[PDB]
Amino acid sequence: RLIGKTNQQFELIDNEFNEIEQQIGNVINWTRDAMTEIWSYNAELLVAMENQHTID
Amino acid sequence: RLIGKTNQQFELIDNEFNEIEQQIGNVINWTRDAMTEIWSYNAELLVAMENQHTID
Amino acid sequence: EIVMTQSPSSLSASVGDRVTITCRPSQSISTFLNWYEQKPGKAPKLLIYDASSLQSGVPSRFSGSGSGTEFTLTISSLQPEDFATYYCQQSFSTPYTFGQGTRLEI
Amino acid sequence: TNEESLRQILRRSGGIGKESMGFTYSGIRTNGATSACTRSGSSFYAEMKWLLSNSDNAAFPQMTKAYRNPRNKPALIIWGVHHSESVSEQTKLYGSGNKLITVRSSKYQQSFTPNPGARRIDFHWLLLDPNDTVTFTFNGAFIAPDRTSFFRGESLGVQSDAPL
Amino acid sequence: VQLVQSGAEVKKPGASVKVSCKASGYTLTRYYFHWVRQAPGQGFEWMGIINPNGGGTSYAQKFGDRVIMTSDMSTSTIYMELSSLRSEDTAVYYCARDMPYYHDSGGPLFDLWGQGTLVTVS
Amino acid sequence: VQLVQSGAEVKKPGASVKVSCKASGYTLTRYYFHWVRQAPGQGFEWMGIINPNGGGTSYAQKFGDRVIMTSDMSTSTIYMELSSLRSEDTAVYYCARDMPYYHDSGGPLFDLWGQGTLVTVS
Ligand SMILES: *[C@@H]1O[C@H](CO)[C@@H](O)[C@H](O)[C@H]1NC(C)=O
Ligand SMILES: *[C@@H]1O[C@H](CO)[C@@H](O)[C@H](O)[C@H]1NC(C)=O
Ligand SMILES: *[C@@H]1O[C@H](CO)[C@@H](O)[C@H](O)[C@H]1NC(C)=O
């Protein structure tokens with residue numbers, strides 16, 4: 001059930017071996033980091049829900 | 001209850017009949033798509049919660 | 001650039017005569033030769049292009065053929081209208097070049 | 001130009017097939033030029049001709065080229081604009097004059113000019129729709145493609161240091 | 001239908017000259033225009049080409065940096081500016097409307113010629 | 001190993017001159033090149049410096065805007081263009097390959113000299 005909610009197609013946005021304009025790169029890094037926290041929150045919450053439900 | 005959580009004011013960011021710098025457009029498309037998945041997740045989860053609660 | 005020569009540089013001819021004028025380029029200009037008619041004190045006019053295709057409005061007296069390094073222009077049954085100086089043009093490569101001119105006289 | 005977008009397109013292309021533009025360049029020099037690619041010998045990039053004047057300082061001809069897309073796949077078309085180190089270098093290569101390049105399709109139009117003061121090749125790209133014709137206008141400083149590209153089967157463009 | 005040209009001019013050496021031609025009838029964007037010199041009893045010399053669609057130009061090395069061509073779409077004028085005039089520049093200057101026929105070489109096809117402008121330098 | 005120069009030239013006043021030097025052996029990017037005038041029986045005059053790594057130039061005010069230097073990496077040529085020639089410009093022009101030794105002042109060290117080109121203006 002968890003896999004079906006995470007298994008998505010991803011592509012490179014950032015050229016890791018090179019450089020992208022820093023102003024945009026800062027937006028992308030900020031966006032990704034913010035989204036990482038959103039997904040980390042969602043992940044912790046979802047796992048916690050699944051754990052509480054498992055106990056229940 | 002669901003309507004009150006979704007009914008928000010929206011404006012056009014992308015000029016659909018024209019073109020925006022592709023680097024920014026890629027960020028916007030990525031952002032919107034990521035947010036679509038976030039909201040789709042939230043929507044599925046919320047609906048699932050409401051369905052489980054309805055059954056309960 | 002490409003340098004070419006016309007032959008002959010001038011002719012003496014009368015009405016009803018047939019005239020042939022040729023061009024000899026330093027290198028192949030496969031089909032890229034135009035011919036023009038110039039009247040004294042006036043701008044030249046296009047007669048034939050691509051060494052074989054007549055310009056619209058040009059009378060049947062004019063025709064031509066050739067390829068590579070040998071090109072020809074022929075006029076049949078000369079009229080008073082046809083006594084002019086004829087020029088070649090090489091469209092093959094830059095800078096574009098023109099011939100010496102061939103004049104028809106009596 | 002828009003290098004990241006283009007790179008991403010290739011990353012998901014599935015691979016590249018090549019097909020000739022069918023462009024005949026009579027009177028135009030297309031010989032090897034740069035020493036930068038000496039690894040294969042002193043020549044320019046394998047599939048894109050510099051289109052230099054037939055001789056040094058000679059004027060570049062005003063060319064019009066057109067390519068119709070013969071297939072149901074969109075064609076990826078790349079052309080370069082050569083930025084010379086200085087005005088004198090540009091003059092030697094493409095002759096004197098105001099160098100202008102125009103590229104047009106049914107849904108695209110853009111003009112370009114080289115800016116002397118630094119050696120560089122700027123590559124620009126277009127995705128040409130089926131049944132359309134890409135029109136090019138050359139006044140010099142145009143590095144023409146000999147071939148175009150078609151995409152085949154959804155690849156994954158990974159950037160990595162790991163061994164296979 | 002027609003190409004017409006400005007009157008003959010007299011210039012001193014080292015001066016500049018501007019020669020104008022006006023086009024009537026057809027639009028300019030469909031054709032390329034060339035300047036060709038008719039030397040005073042000598043053969044034709046190509047000076048250069050202008051593309052009115054974007055003002056792009058190309059010049060023969062014989063003239064090199066001495067020539068600046070430009071166009072005016074609002075008045076239908078193709079005027080050319082030649083700098084650093086010399087006594088050798090005395091000639092009749094023609095504007096030619098060239099049809100883009102020779103797609104193989106970008107070669108000109110001189111469809112319509114202008115009146116010709118006599119420029120004398122001395 | 002060598003710097004060699006184009007042959008002597010004669011120019012009229014107000015004309016331009018281009019003097020060429022070719023470098024054989026070593027690459028150009030490791031050295032800076034200078035142009036120095038050897039006036040006809042008078043002392044040396046510095047004209048300017050060119051950095052082939054990016055074509056940057058600097059000129060003495062004595063020549064000011066009259067001089068344009070440029071380089072060609074593909075042919076190993078350092079040709080210089082001098083505009084608005086005067087009778088005072090008659091001289092032997094040298095290309096010098098200067099080793100970047102004096103890091104304290106950016107001063108030149110003339111490691112290798114060219115043949116010298118005699119330019120006569122009159
Ligand atoms: C974005 O984050 C990466 C590390 O994930 C970092 O190397 C890069 O410099 C950052 N971009 C900018 C503009 O700081
Ligand atoms: C953004 O997405 C739209 C479709 O929603 C697409 O047409 C557009 O080209 C995309 N932008 C870029 C830069 O790819
Ligand atoms: C492409 O053009 C040709 C012209 O004959 C036409 O027959 C063909 O159907 C066209 N293809 C498309 C997708 O329209």
# chains A, B, ... in the order shown; residues from 1 in each chain; ligands from 1

$ select_by_dssp --residues "chain A" --states "helix (DSSP H, G or I)" --output "PyMOL selection string"
chain A and resi 3-5+22-55

$ residues_near_ligand --ligand "ligand 1" --cutoff "6 Å" --atoms "only C-alpha atoms and all ligand atoms" --output "list in words"
residues 22, 25, 26 and 29 of chain A

$ interface_residues --of "chain A" --to "chain D" --cutoff "8 Å" --atoms "only C-alpha atoms" --output "list in words"
residues 11, 12, 13, 15, 16 and 17 of chain A

$ write_last_selection --atoms "N, CA, C and O atoms" --output "PDB file, in the first residue's frame"
ATOM      1  N   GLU A  11      12.901  12.495 -13.093  1.00  0.00           N
ATOM      2  CA  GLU A  11      13.911  12.917 -14.054  1.00  0.00           C
ATOM      3  C   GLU A  11      14.853  13.939 -13.430  1.00  0.00           C
ATOM      4  O   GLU A  11      14.485  14.629 -12.480  1.00  0.00           O
ATOM      5  N   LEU A  12      16.062  14.056 -13.971  1.00  0.00           N
ATOM      6  CA  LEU A  12      16.998  15.045 -13.451  1.00  0.00           C
ATOM      7  C   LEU A  12      16.591  16.461 -13.822  1.00  0.00           C
ATOM      8  O   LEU A  12      16.382  16.766 -14.996  1.00  0.00           O
ATOM      9  N   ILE A  13      16.542  17.327 -12.822  1.00  0.00           N
ATOM     10  CA  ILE A  13      16.286  18.745 -13.028  1.00  0.00           C
ATOM     11  C   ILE A  13      17.606  19.493 -12.922  1.00  0.00           C
ATOM     12  O   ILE A  13      17.903  20.381 -13.719  1.00  0.00           O
ATOM     13  N   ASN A  15      21.684  19.674 -13.042  1.00  0.00           N
ATOM     14  CA  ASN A  15      22.839  19.059 -13.679  1.00  0.00           C
ATOM     15  C   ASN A  15      23.966  18.944 -12.659  1.00  0.00           C
ATOM     16  O   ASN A  15      24.722  19.890 -12.446  1.00  0.00           O
ATOM     17  N   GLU A  16      24.036  17.798 -11.992  1.00  0.00           N
ATOM     18  CA  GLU A  16      24.914  17.609 -10.840  1.00  0.00           C
ATOM     19  C   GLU A  16      26.392  17.826 -11.141  1.00  0.00           C
ATOM     20  O   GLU A  16      27.143  18.276 -10.275  1.00  0.00           O
ATOM     21  N   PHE A  17      26.819  17.495 -12.354  1.00  0.00           N
ATOM     22  CA  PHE A  17      28.237  17.601 -12.697  1.00  0.00           C
ATOM     23  C   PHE A  17      28.597  18.965 -13.264  1.00  0.00           C
ATOM     24  O   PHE A  17      29.745  19.206 -13.633  1.00  0.00           O
TER      25      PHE A  17
END

$ residues_near_ligand --ligand "ligand 3" --cutoff "8 Å" --atoms "only C-alpha atoms and all ligand atoms" --output "MDAnalysis selection string"
chainID D and resid 69:72 130:132

$ residues_around --residues "residue 39 in chain A" --least-positions-apart "5" --cutoff "12 Å" --atoms "only C-alpha atoms" --output "PyMOL selection string"
(chain A and resi 5-6+31-34+44-47) or (chain B and resi 34-35+37-39+41-42)

$ atom_distance --atom1 "CA of residue 51 in chain D" --atom2 "CA of residue 50 in chain C"
23.8 Å

$ residues_around --residues "residue 64 in chain D" --least-positions-apart "3" --cutoff "7 Å" --atoms "only C-alpha atoms" --output "list in words"
residues 136, 137 and 138 of chain D; 103 and 106 of chain E

$ residues_around --residues "residue 39 in chain E" --least-positions-apart "4" --cutoff "12 Å" --atoms "only C-alpha atoms" --output "PyMOL selection string"
(chain C and resi 100) or (chain E and resi 43-47+87-94+116-120)

$ select_by_dssp --residues "chain F" --states "strand (DSSP E or B)" --output "PyMOL selection string"
chain F and resi 2-5+9-11+17-19+21-24+32-38+44-51+56-59+67-69+72+77+80-82+91-98+102+107+110-113+117-121

$ atom_distance --atom1 "CA of residue 3 in chain F" --atom2 "CA of residue 57 in chain D"
24.7 Å

$ atom_distance --atom1 "CA of residue 70 in chain C" --atom2 "CA of residue 42 in chain E"
23.9 Å

$ residues_around --residues "range 22-26 of chain E" --least-positions-apart "5" --cutoff "6 Å" --atoms "only C-alpha atoms" --output "list in words"
residues 1, 2, 3, 4, 76 and 77 of chain E

$ write_last_selection --atoms "N, CA and C atoms" --output "CSV table (one decimal), in the first residue's frame"
chain,number,residue,atom,x,y,z
E,1,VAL,N,6.8,46.6,-59.9
E,1,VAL,CA,6.8,47.0,-61.3
E,1,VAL,C,8.0,47.7,-61.7
E,2,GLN,N,8.4,48.7,-60.9
E,2,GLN,CA,9.6,49.5,-61.2
E,2,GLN,C,10.6,49.7,-60.1
E,3,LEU,N,11.8,49.9,-60.5
E,3,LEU,CA,12.9,50.4,-59.7
E,3,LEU,C,13.4,51.7,-60.2
E,4,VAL,N,13.4,52.7,-59.4
E,4,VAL,CA,13.8,54.0,-59.9
E,4,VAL,C,15.0,54.6,-59.0
E,76,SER,N,10.0,52.1,-48.9
E,76,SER,CA,10.4,51.3,-49.9
E,76,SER,C,11.7,51.7,-50.6
E,77,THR,N,12.7,52.0,-49.7
E,77,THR,CA,13.9,52.5,-50.3
E,77,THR,C,15.1,51.6,-49.9

$ residues_around --residues "range 68-73 of chain F" --least-positions-apart "4" --cutoff "7 Å" --atoms "only C-alpha atoms" --output "list in words"
residues 50, 52, 55, 57, 77, 78, 79, 80, 81 and 82 of chain F

$ write_last_selection --atoms "N, CA and C atoms" --output "short mmCIF file (atom, residue, chain, number, x, y, z; two decimals), in the first residue's frame"
data_model
loop_
_atom_site.label_atom_id
_atom_site.label_comp_id
_atom_site.auth_asym_id
_atom_site.auth_seq_id
_atom_site.Cartn_x
_atom_site.Cartn_y
_atom_site.Cartn_z
N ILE F 50 49.46 42.45 -26.64
CA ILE F 50 48.30 41.60 -26.85
C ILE F 50 48.42 40.28 -26.09
N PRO F 52 47.00 36.66 -26.19
CA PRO F 52 46.36 35.75 -27.12
C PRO F 52 45.36 34.84 -26.43
N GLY F 55 42.70 37.82 -26.39
CA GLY F 55 42.77 38.91 -27.36
C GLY F 55 42.78 40.28 -26.71
N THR F 57 43.97 43.77 -25.28
CA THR F 57 45.06 44.64 -25.72
C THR F 57 45.19 45.90 -24.88
N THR F 77 49.29 33.48 -35.90
CA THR F 77 49.65 34.79 -36.44
C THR F 77 49.23 35.91 -35.50
N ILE F 78 50.10 36.89 -35.35
CA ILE F 78 49.87 38.02 -34.44
C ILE F 78 49.60 39.35 -35.10
N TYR F 79 49.11 39.35 -36.32
CA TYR F 79 49.05 40.58 -37.10
C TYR F 79 48.44 41.78 -36.39
N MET F 80 49.04 42.95 -36.64
CA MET F 80 48.62 44.25 -36.11
C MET F 80 48.14 45.18 -37.20
N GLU F 81 47.07 45.92 -36.92
CA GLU F 81 46.59 46.93 -37.85
C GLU F 81 46.78 48.35 -37.31
N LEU F 82 47.48 49.18 -38.07
CA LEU F 82 47.66 50.59 -37.70
C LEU F 82 46.92 51.49 -38.69
#

$ closest_residue --among "C:95, C:25, C:101, C:8" --to "chain D" --atoms "only C-alpha atoms"
C:95

$ interface_residues --of "chain C" --to "chain E" --cutoff "7 Å" --atoms "only C-alpha atoms" --output "ChimeraX atom specification"
/C:43,46,91-93,95-96,98,100

$ closest_residue --among "C:102, C:7, C:27, C:20" --to "chain D" --atoms "only C-alpha atoms"
C:27
